[PDB]
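Numbers for residues simply follow the sequence, beginning at 1.
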Amino acid sequence: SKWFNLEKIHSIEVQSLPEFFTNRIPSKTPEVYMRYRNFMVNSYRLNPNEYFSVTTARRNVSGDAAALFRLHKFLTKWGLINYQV
């Protein structure tokens, strides 16, 4: 995924998970988004042979479960995680 970069946010992400890009919700910002996102991607990349689950994400990261589920769904859809299980 050449388009993806751990230090940036691509237009694909802004369009797909608008809840973090409203400029009107203090708790949901690009900074918060990158924290959650990078944790999932970094976790999967550590052990690509294993399926990184929503349950593991919620157990390891403190955050809104529904938002984490949506983030996980997005990363799955675009092949950023669980692409070599």
Side-chain angles (χ1 to χ4, degrees):
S1 299
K2 305 168 62 179
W3 66 269
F4 182 72
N5 190 303
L6 291 166
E7 302 299 303
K8 302 176 182 299
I9 298 176
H10 195 279
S11 295
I12 287 172
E13 306 178 80
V14 174
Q15 304 179 63
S16 300
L17 295 169
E19 73 193 279
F20 294 102
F21 306 97
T22 71
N23 289 139
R24 63 182 304 186
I25 304 175
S27 58
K28 287 184 173 59
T29 61
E31 292 74 20
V32 169
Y33 170 73
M34 289 181 70
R35 261 85 290 186
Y36 297 150
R37 180 198 71 186
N38 287 187
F39 181 78
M40 296 192 195
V41 174
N42 287 156
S43 290
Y44 177 71
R45 290 182 180 179
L46 273 186
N47 296 290
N49 59 83
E50 295 172 49
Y51 186 90
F52 178 74
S53 69
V54 168
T55 293
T56 294
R58 305 200 315 298
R59 185 168 306 175
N60 290 174
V61 171
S62 184
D64 187 71
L68 292 177
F69 164 72
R70 287 188 290 274
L71 221 191
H72 184 283
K73 179 177 170 58
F74 166 77
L75 296 175
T76 296
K77 173 184 171 185
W78 293 82
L80 294 178
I81 63 173
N82 301 316
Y83 52 75
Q84 290 180 179
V85 178

> With a cut-off of 6.0 Å (strictly less than), are more than 12 heavy atoms of other residues, nucleotides or ligands near CG of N23?
Replying inline: no
>> Tell me whether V14 shares a hydrophobic cluster with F74, the cluster being built from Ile, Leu, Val, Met, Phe, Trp, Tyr side chains joined at under 4.5 Å.
In response: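 Yes: a chain of side-chain contacts under 4.5 Å links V14 to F74.
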> Is there a path of hydrophobic side-chain contacts, each under 4.5 Å between heavy atoms of I, L, V, M, F, W or Y residues, that connects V54 with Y36?
Replying inline: no
From [atom1] ([X]) to [atom2] ([Y]), nearest 0.5 Å:
{"X": "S27", "Y": "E19", "atom1": "OG", "atom2": "CD", "answer": "10.0 Å"}
{"X": "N38", "Y": "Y33", "atom1": "CG", "atom2": "OH", "answer": "8.5 Å"}
{"X": "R24", "Y": "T29", "atom1": "CZ", "atom2": "OG1", "answer": "15.5 Å"}

> Is a side-chain donor or acceptor of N47 paired with a backbone partner of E50 at a separation under 3.5 angstrom?
Replying inline: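 Flag not set: sc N47 to bb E50 has no pair under 3.5 Å.
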Only distances under 3.5 Å count here; give the side-chain donor-acceptor pairs of residues 1-11 to other protein atoms, sequence neighbours excluded, each with its distance to 0.1 Å.
from : atom 1 : to  : atom 2 : distance (Å)
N5   : OD1    : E7  : N      : 2.8
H10  : ND1    : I12 : N      : 3.0

>> What I'd like to find out is whether the side chain of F21 reaches to under 4.5 Å of the side chain of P30, using heavy atoms alone.
In response: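 Yes; the side chains approach each other to less than 4.5 Å.
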>> Is there a side-chain contact (heavy atoms from CB on, under 4.5 Å) between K28 and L17? Walk through the geometry before answering.
In response: CA-CA 11 Å; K28 287 184 173 59; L17 295 169; over 6 Å; no
Do any side-chain atoms of residues 75-85 form donor-acceptor pairs under 3.5 angstrom with protein atoms, and if so which ones, sequence neighbours left out?
from : atom 1 : to  : atom 2 : distance (Å)
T76  : OG1    : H72 : O      : 2.8
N82  : OD1    : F52 : N      : 2.7
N82  : ND2    : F52 : O      : 3.1

> Going through the checks in order, is the side-chain contact (heavy atoms from CB on, under 4.5 Å) test met by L68 and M40?
Replying inline: CA-CA 9 Å; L68 292 177; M40 296 192 195; 3.7 Å; yes
